[PDB]
There are 2 protein chains.
Amino acid sequence: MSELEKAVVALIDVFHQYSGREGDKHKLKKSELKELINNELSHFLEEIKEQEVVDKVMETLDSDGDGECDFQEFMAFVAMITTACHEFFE
Amino acid sequence: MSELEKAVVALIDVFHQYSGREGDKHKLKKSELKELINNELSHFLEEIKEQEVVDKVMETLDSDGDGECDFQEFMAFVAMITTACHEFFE
Ligand SMILES: *c1c(O)c(OC)c(OC)c(O)c1[C@@H](CC)c1ccccc1
Ligand SMILES: *c1c(O)c(OC)c(OC)c(O)c1[C@@H](CC)c1ccccc1
Ligand SMILES: [Ca+2]
Ligand SMILES: [Ca+2]
Ligand SMILES: [Ca+2]
Ligand SMILES: [Ca+2]
């Protein structure tokens, strides 16, 4: 596998890890999203401790309004982060 | 680094590898995009041999119409692939 292919499988993998935990196994509810961010982006994002922040983040990512973050909304999240990092460095 | 963080840095890294080669070092012209797909997605995508395919792919990815693929359009490409892979498996 190339680095890129590895990156794609890792994205799918981490999403699966967190989404399968509770309820809809293909969507991230607030607690799952909070755990993903806290455990997997601890070097990029501030750790979420407040409900207000979990709610704001979910609201921002929840494009279809079903209260959860699906795979597409997750990829939209990944793109926001990756694009911010990219613009940041040059 | 988490798997996810590694994934983000890899995305940025591969884009940088191919974009810096020629012309605008922050954008993928057709030849660069072709080489990225051929060398880095050889297990997910058919190898591109025809100009018609390079042109179709570029056209599809080129949202702002500047003839090249920037980082955002690239992330849109990554999302298409990753989302197709994800839907494919469950
Ligand atoms: C984002 C990425 O991708 C990154 O690469 C490893 C690094 O570290 C070199 C970061 O610090 C970030 C950070 C800040 C630059 C970031 C995360 C989310 C949104 C904007 C920036
Ligand atoms: C997508 C992924 O993630 C994958 O895992 C490595 C494999 O290989 C087992 C694929 O073949 C794909 C395919 C769909 C099955 C794909 C490739 C590019 C774009 C969309 C889907
Ligand atoms: Ca879930
Ligand atoms: Ca949603
Ligand atoms: Ca270039
Ligand atoms: Ca463009």
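According to its header, this structure was worked out by X-ray crystallography, 2.2 Å.
A Cβ is built for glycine as well, from the same backbone N, Cα and C atoms used for every other residue.
Here's what Swiss-Prot has on this protein:
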type	residues	note
BINDING	B:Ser19, B:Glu22, B:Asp24	Ca(2+) 1 binding site
BINDING	B:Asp62, B:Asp64, B:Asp66, B:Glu68, B:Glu73	Ca(2+) 2 binding site
DOMAIN	B:13-48	domain 'EF-hand 1'
DOMAIN	B:49-84	domain 'EF-hand 2'
MOD_RES	B:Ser2	N-acetylserine
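The structure, with features from Swiss-Prot marked on it.
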| residue | record | DSSP class |
| --- | --- | --- |
| B:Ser2 | N-acetylserine | coil |
| B:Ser19 | Ca(2+) 1 binding site | helix |
| B:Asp24 | Ca(2+) 1 binding site | coil |
| B:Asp62 | Ca(2+) 2 binding site | coil |
| B:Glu68 | Ca(2+) 2 binding site | coil |
| B:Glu73 | Ca(2+) 2 binding site | helix |
8 Å Cβ shell about B:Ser19, B:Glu22, B:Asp24 centroid, Ca(2+) 1 site members excluded: B:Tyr18, B:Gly20, B:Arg21, B:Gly23, B:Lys25, B:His26, B:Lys27, B:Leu28, B:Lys29, B:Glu32, B:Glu68
Set of same-chain residues at least 6 away whose C-beta sits under 8 angstroms from B:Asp64 (Ca(2+) 2 binding site): B:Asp70, B:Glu73
Distance from B:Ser2 (N-acetylserine) back to B:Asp62 (Ca(2+) 2 binding site), taken between C-alpha atoms, in Å: 31
Proximal to chain A - recorded positions among B:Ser2, B:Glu22, B:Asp24, B:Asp62, B:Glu68, CB under 8 Å: B:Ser2
Near-site residues: Ca(2+) 2, ref B:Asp62, B:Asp64, B:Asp66, B:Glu68, B:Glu73, CB cutoff 8 A to centroid: B:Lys27, B:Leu61, B:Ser63, B:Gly65, B:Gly67, B:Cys69, B:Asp70
Helix-strand-coil residue split for the domain 'EF-hand 1' (B:13-48), DSSP-based: 18 helix, 1 strand, 17 coil
Number of other Cβ atoms within 10 Å of the Cβ of B:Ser2 (N-acetylserine) across all protein chains: 16
Cα-to-Cα gap, B:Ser2 (N-acetylserine) vs B:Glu22 (Ca(2+) 1 binding site), nearest whole Å: 32
Integer Å distance between the CA atoms belonging to B:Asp66 (Ca(2+) 2 binding site) and B:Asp24 (Ca(2+) 1 binding site): 12
Where the C-beta lies under 6 angstroms from ligand 6, the matching recorded positions among B:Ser2, B:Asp24, B:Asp66, B:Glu68: B:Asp66, B:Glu68
